[PDB]
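J.: Pasting a structure below so you can have a look.
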Amino acid sequence: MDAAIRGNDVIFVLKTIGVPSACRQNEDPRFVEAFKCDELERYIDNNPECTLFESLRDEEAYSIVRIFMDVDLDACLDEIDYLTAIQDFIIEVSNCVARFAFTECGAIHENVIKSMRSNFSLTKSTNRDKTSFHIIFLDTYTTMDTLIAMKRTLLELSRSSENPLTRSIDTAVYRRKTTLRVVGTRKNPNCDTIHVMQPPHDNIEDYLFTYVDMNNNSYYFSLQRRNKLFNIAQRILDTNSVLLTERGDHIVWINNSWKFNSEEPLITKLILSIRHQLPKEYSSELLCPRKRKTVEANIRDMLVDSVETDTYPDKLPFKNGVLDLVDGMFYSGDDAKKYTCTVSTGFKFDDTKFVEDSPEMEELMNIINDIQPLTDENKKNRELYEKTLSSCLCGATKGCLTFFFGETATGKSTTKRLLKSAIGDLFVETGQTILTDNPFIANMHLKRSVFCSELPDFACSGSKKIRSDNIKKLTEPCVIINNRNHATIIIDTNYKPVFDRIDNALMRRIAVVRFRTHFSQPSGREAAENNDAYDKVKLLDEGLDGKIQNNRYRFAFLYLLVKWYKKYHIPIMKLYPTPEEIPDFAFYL
Amino acid sequence: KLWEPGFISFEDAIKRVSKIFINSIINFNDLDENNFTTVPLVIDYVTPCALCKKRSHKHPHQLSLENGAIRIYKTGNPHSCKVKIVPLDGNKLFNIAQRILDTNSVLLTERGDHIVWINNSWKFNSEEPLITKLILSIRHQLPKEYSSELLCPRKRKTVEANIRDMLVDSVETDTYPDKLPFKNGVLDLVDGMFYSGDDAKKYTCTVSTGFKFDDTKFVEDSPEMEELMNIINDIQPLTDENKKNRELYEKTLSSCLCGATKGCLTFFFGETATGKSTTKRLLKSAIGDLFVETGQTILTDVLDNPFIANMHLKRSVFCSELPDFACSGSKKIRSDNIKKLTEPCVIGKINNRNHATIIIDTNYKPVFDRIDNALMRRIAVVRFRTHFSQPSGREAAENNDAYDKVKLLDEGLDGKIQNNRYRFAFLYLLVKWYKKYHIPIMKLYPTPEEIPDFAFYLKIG
Amino acid sequence: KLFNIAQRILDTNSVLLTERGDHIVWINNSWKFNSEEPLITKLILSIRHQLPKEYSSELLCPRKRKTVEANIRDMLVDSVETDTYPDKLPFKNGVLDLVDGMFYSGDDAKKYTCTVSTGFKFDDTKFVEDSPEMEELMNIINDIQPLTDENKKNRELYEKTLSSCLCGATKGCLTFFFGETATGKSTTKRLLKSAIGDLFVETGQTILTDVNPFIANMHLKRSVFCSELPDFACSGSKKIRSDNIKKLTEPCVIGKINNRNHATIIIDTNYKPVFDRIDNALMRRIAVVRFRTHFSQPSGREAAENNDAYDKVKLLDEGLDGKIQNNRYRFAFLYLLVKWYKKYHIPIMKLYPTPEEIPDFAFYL
Ligand SMILES: Nc1ncnc2c1ncn2[C@@H]1O[C@H](COP(=O)(O)OP(=O)(O)NP(=O)(O)O)[C@@H](O)[C@H]1O
Ligand SMILES: Nc1ncnc2c1ncn2[C@@H]1O[C@H](COP(=O)(O)OP(=O)(O)NP(=O)(O)O)[C@@H](O)[C@H]1O
Ligand SMILES: Nc1ncnc2c1ncn2[C@@H]1O[C@H](COP(=O)(O)OP(N)(=O)O)[C@@H](O)[C@H]1O
Ligand SMILES: [Zn+2]
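Protein chains in written order, with the UniProt record's numbering: chain A, 1 to 226, 324 to 534, 541 to 583, 592 to 700; chain W, 234 to 537, 541 to 584, 591 to 703; chain S, 325 to 535, 541 to 584, 591 to 700.
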């Protein structure tokens, strides 16, 4: 919010109709002029015969305007009926504008309602035989492009309501270079019908839609983003917006995403949604619930071929589209509907943060270089760590399990938190019951990363060993009543695991990444470098966590993961085991 | 062609306009698509005119086409008759449904559920949908030509279906942690301001304490406030030794009003007759339905379970009487829950939001099966050291080292607190402490140096 | 006149009734079957074209179409069985004969009421004979099982067992893939499922050592595999309990409590299992498959040439697994299976047990 956004006390006015933009940009004195409230007051007082059309200098910097409307009815109303009509008109319009702002501009509905219904100004035309007036909401300010977007909703509002004042809303005034007759001036020199100010607003300042004076009672918002039924059913199917899956349920394409019909039915929601892009002679018919259910039955009965879902393992789905792994391109729209994506990370993909440089990417490189130093000793461990974290972006079956082994305060939990903040809902934490002992396995479906945590040192007594039968069962592509296993399974260990039975099929499903960097307290820092289990000791950062849960490093780590994947798992994704690190496997070796 | 047949068949429009005119139309036959804006509509006024309610009209009426509608107006004297409008596009029930959504009285959350705004509070139900109750409630806020037809039940079912099928996108609820919702409004904690009406609407608060807020009690002075200080002074002495425990107690008490995720679990440790259950009852009476007592299952019995699903959006969960887990024949705390009960979303619709302060009362120092450094960071304990015993056994309590003071028991406090006598004074105290500690940041600090089990690890250090 | 439409639709004989109480409809050259969502209405829309236009106009309105399907439901009385042909392979776009190599796509395939399918469209340009793929596939089969004089009875019983995975009847014997590690048992499983598509199923060891979705899911399947029997010969293991082996051979398996067994039960193991009891009925339902080819790495290859459990050792091909998961051998192996089946199980399909290979049976022998 700048000074011009704060307010604009200088006004610009024309003197006739049809002035070319060349004259306006040439500040032609015969047509355009600049005034203030007081200057225009004496101008209109001294020269009533002139015609004055107030507008903006340009739409680039002064897009903020008071919300205004022009009502023109070819009739006359008595005072009491006029009051009833104006009350109904004001309640309907205030509601409609507030709802549009809430659903598009993301503003508070009640704030808009209060600001608009609290204070507004009405004009009055001297033409007795017609009811013509201009309504200006004093305290509500909005950018011009938002009004240009809202003209539609006002058009359907006018076409829908029965109130004559609301039915006679003139939406044509909402367009670039909009000029409105200033109250007190004639429409044309040959017409003697002018507009009259109304109480309690006795000041001319209350009758200009460009005069911006934002006070405590004001609110601001702007648009964030700059037989016949059978024919309707065929038209809907032509858009390829609804599909049948193998599970017997139908997936629909609403809000640029594929959803399930298992909830309250969505086919009807689609049918209402696409009534705008369809010819109006059918759009009239489409809005009765019985006919809409009839069209829905036709659509169900025309869908015979069942299409498999989630066929691409090399695509990362977001809630605003899908990202290609081989490329860095992001698709948002009909390019993403081609890939039948059912789940998503749950957050909008931001191209402004997915750049490469990032104000936080350097500190991310510091954090990753602290948790895993890029040294000649941390060379194979580091690349194994990179590949294991990269495998979480691919939606295919993973054939190996990696054990995250490290001592206390080695950054493993921060690593899980980075991974979850980077891939959204695609990372899930699972308990130890799937190892030592079934919702713990049924909601694992279509997940791309599953983590188990704090194994309670099974080497000592009072523990139920790993029983690698689970490891063999967690490697098969379909998990048992059946679910698709697309999840890289990672295990947190502070102590090396122990297994009851060791087989030749177990060395091919076990991987280990070692963590040996300690983030210690200043007081206990000394007692940190007398231990052989650490290679580097760094000061503990208490402010790191608070940054972590706030999704501060959400997109930089995603960029790192995709860049690693572009290096390692292209064109083939495979995880290789490293049996030579667990001592327990040395025995048979 | 004066008629555009893009809206409705001309015959149907003429049928509608004739139906409006209760009196017989004289020249009905000659109205065609090329004259209906020209020929006056001469009417035989056997009955009173359907528009002006007079005996008859001196001059015939006339039709005009504008904005996809027919305007019916009288010639001669305009003010002598009422202007009439005939629409041509939209099922009237769809217009009503558009108006009702337009008000933002009905919304849907991420749970696939639909919340409504009835009687100044965001009602919600799953077994019995209540959109139609909203329609009855809101019919007063619409013109007459909608209220007259919102009465028939099947029309309301149609409007409900339209509203269901138009509400596509989900909204987020309960985003303000420093707001206390009642059934008649929302109290702000940063200020002392209370919002009742459409002001409480902006905060999508789907839960409530369960009792109406009263401005006549929430003042400061109060008939009950002074003995409320007396009670809180007795339960927690305002002394230099029991000094730090006092603000720790007040912070734990205030952290039950904020609707966010809490980063610690508090233990009320004290002997018998120390007033821990007194504080339990005071909190329950003070915050209504936002306080919930759970069993010991969510500590010792596998979570994934009504006792873990009922804590959805509750701001205080209190656990009672851990049965001496130090001795034999007991199941330990199994700190995996401590890992689980603090992280923001509770699994157990298996996902629920955690806004609850977990307070566990005990007489014995409890033990965990496993002790980890993550337990160092999320456990605080409150010490209670004032005895309220009967006159008979005072000396037997005054010679015990587990008490620093023994006071005479009053038998009438339980009935009075059960009657919500200290309901508002205690809430006032909670707000005062919240402004003292939790502004602008709410976070809880552990006290690892108090649990004896953590001493051994400190002995290791 | 909707009765006339229902009469015509039954005249086309597209919808049929089964003894299970459910209706099957001929949509898109396949005997589609469903219980949750009845498909008669989809059939009516599908065949609305094959009726005089005065009816095709009326079939659009869903109320009229539901009335038509109600009439159809009320017309059908007698059920018409299902899946009576064992020598037919039902594909996704037709059915393939086993006696001949002729493939049907159209009303020809509807005569054989085949409800299950391989799940993939059949290809005419690959099921030829020569194939760039068939050469390497035949070399792979030669490597896994040498075509030698000693590997004559073992190889032929291997071919018989693989052939019997195509016939849709109840089988009379069970064999065990007994062999040491790196011998191609997983390769055989992968090739078999790649060749037969959806008709394959992998199931755990529960249906063997225990008395149940693991048993009712094999309805009308043509191959079931059990894998990694965990050394029942040693301690800490649950013995075979061959009563299940008796139960898995009889045609109608209990586990809707009845299911039709058209699936060959095969277990691949590394160790010879131990049986609870040896009765004379067990002798006629156990067979043995042996593998003696080791696909080892060059480093440990010499240690594989000194092992008495291996006949030949060959160099491991790391990319073969990725190749067979790409189903490149999909139709050549099907060609081999068809040729072996036409060689062995015509005109009679019956499996001969081999009690002489089991060591545990020797004692009563
Ligand atoms: N690069 C870093 N610099 C400073 N502090 C860090 C860094 N990385 C992590 N930390 C902090 O070090 C502490 C330990 O991290 P954490 O991820 O919990 O380790 P861990 O190895 O999973 N621990 P544990 O469960 O005890 O084995 C946390 O407080 C982190 O915020
Ligand atoms: N003819 C062949 N040419 C090349 N590679 C082959 C051939 N046959 C098998 N292989 C590969 O050699 C490896 C050993 O086969 P595999 O099926 O795993 O043996 P196995 O005896 O079932 N193993 P196990 O489960 O350890 O008892 C696999 O990677 C096969 O893909
Ligand atoms: N300040 C006080 N004055 C008088 N009686 C008091 C008191 N504080 C608590 N009491 C009473 O003494 C008992 C102690 O409270 P209670 O919550 O039951 O104690 P405890 N068993 O949980 O340690 C209760 O019966 C309570 O009513
Ligand atoms: Zn009249």
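Positions of the beta carbon are idealized from the N, C-alpha and C atoms, including for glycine.
Below 9 Å on C-beta distance, what does S:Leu369 contact in chain A?
T.: Taking a Cβ-Cβ cut-off of 9 Å, the neighbours of S:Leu369 in chain A comprise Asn395, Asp398, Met399, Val401, given in sequence order.
J.: Could you tell me the boundaries of the beta strand (DSSP E) in which A:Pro414 lies?
T.: According to the DSSP assignment, A:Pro414 belongs to the beta strand (DSSP E) that extends over 412-415.
J.: For W:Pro320, list the residues DSSP reports as bridge partners.
T.: W:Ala302
J.: Can you give me the C-alpha to C-alpha distance between W:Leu669 and W:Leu651, rounded to a whole angstrom?
T.: Using only the alpha carbons, I get a separation of about 24 Å.
J.: For A:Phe100, which three-state DSSP category applies?
T.: helix
J.: Using Cβ-Cβ distances below 9 Å, what residues of the region 333-364 of chain S are close to chain C?
T.: As a matter of chain content, chain C is missing from the structure shown, whose protein chains are A, W and S.
J.: Compare the beta carbon distance of S:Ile520 and S:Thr406 with 8 Å and say whether it is the shorter of the two.
T.: no
J.: Is there a C-beta anywhere in chain A that falls below 8 Å from the one on W:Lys434?
T.: yes
J.: With a CB to CB cut of under 6 Å and the five nearest residues on each side skipped, what residues in its chain are close to S:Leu400?
T.: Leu341
J.: Would you kindly work out how many angstroms separate the C-alpha atoms of A:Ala639 and W:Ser634, rounded to a whole number?
T.: 57 Å
J.: Are there any heavy atoms of ligand 3 lying less than 7 Å away from the beta-carbon of W:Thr604, as far as the coordinates show?
T.: Every heavy atom of ligand 3 is 7 Å or more from the Cβ of W:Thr604, so no.
J.: Between the Cα of A:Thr146 and those of A:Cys191, A:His201, A:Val97, A:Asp192, spot the shortest distance and give me the residue it belongs to.
T.: The candidate whose alpha carbon is nearest that of A:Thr146 is A:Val97.
J.: First and last residue of the alpha helix (DSSP H) that includes S:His629?
T.: For S:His629, there is no enclosing alpha helix (DSSP H); the enclosing beta strand (DSSP E) covers residues 628-631.
J.: Return the residue from the list S:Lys550, S:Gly508, S:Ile601, S:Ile583 that minimises the CA-CA distance to S:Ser631.
T.: Relative to S:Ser631, the option among S:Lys550, S:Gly508, S:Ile601, S:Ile583 whose CA is nearest is S:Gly508.
J.: Leaving out five residues before and five after A:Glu41 in sequence, what residues of the same chain have Cβ atoms less than 8 Å from its Cβ?
T.: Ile204
J.: Would you call the CB atoms of A:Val609 and A:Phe561 closer than 8 Å?
T.: Cβ distance < 8 Å, so A:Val609 and A:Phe561 count as in contact.
J.: Spatial neighbours of A:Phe120 within its chain, please: C-beta separation below 8 Å, excluding the five flanking residues on both sides.
T.: Closer than 8 Å at the Cβ level, and outside the excluded window around A:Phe120, lie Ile90, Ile135, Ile136, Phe137, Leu138.
J.: Assess, as a yes-or-no matter, whether the region 61-70 of chain A is touched by the region 21-29 of chain A under the definition of 3 or more beta carbon pairs within less than 8 Å.
T.: no
J.: Which value, in whole angstroms, describes the spacing of the CA atoms of A:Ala667 and A:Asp447?
T.: 11 Å
J.: Mind checking A:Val553: buried by the 16 CB within 10 Å criterion, or exposed?
T.: buried
J.: Using beta carbons (cut-off 8 Å, strictly below), is S:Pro386 in contact with chain A?
T.: yes
J.: For the beta strand (DSSP E) that W:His347 lies in, which residues bound it at each end?
T.: 347-351
J.: Report yes or no: is there a C-beta of chain A within less than 8 Å of the C-beta of W:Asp454?
T.: no
J.: Which residues in the same chain as A:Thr179 place their Cβ atom closer than 6 Å to its Cβ, once the five residues preceding and following it in sequence are excluded?
T.: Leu14, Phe53, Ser55
J.: Evaluate W:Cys438 with the Cβ neighbour count: other Cβ atoms within 10 Å of its Cβ, from every protein chain shown; 16 or more gives buried, anything less gives exposed.
T.: buried
J.: Could you name the residues of the region 278-304 of chain W whose beta carbon sits closer than 9 Å to any beta carbon of chain A, in the order they occur along the chain?
T.: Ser297, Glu299, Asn300, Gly301, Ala302, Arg304
J.: Count the C-beta pairs between the region 610-626 of chain A and the region 497-516 of chain A that are closer than 8 Å, then say yes if the count reaches three, no if not.
T.: yes
J.: If you measure from each residue's Cβ to the nearest non-hydrogen atom of ligand 3, which ones come out under 6 Å, in chain order?
T.: W:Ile464, W:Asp467, W:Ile468, W:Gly503, W:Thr505, W:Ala506, W:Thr507, W:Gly508, W:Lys509, W:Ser510, W:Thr511, W:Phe630, W:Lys649, W:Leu651, W:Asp652, W:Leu655, W:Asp656
J.: Use the C-beta contact count for A:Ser566: other C-beta atoms within 10 angstroms, 16 or more gives buried, fewer gives exposed.
T.: exposed
J.: Which residue wins for smallest C-alpha separation from A:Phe451, given the options A:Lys36, A:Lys674, A:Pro580, A:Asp72?
T.: A:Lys674
J.: Less than 7 Å separating the Cβ of W:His312 from some heavy atom of ligand 4?
T.: no
J.: What I want to know is whether the C-beta of W:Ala616 ends up closer than 7 Å to one or more non-hydrogen atoms of ligand 1.
T.: yes
J.: Can you round the beta-carbon distance between W:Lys647 and W:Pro470 to whole angstroms, since I take them to be within the 8 Å contact cut?
T.: Going by Cβ atoms, the distance from W:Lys647 to W:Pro470 rounds to 7 Å, so yes, they are a contact pair.
J.: Counting only beta-carbon separations shorter than 8 Å, does A:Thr391 have a partner in chain S?
T.: yes
J.: Please list, in chain order, the chain S residues whose beta carbon lies closer than 7 Å to that of A:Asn324.
T.: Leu384, listed in chain order.
J.: Residues in its own chain within less than 8 Å of W:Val423 by CB, not counting five upstream and five downstream?
T.: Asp411, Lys677, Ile681
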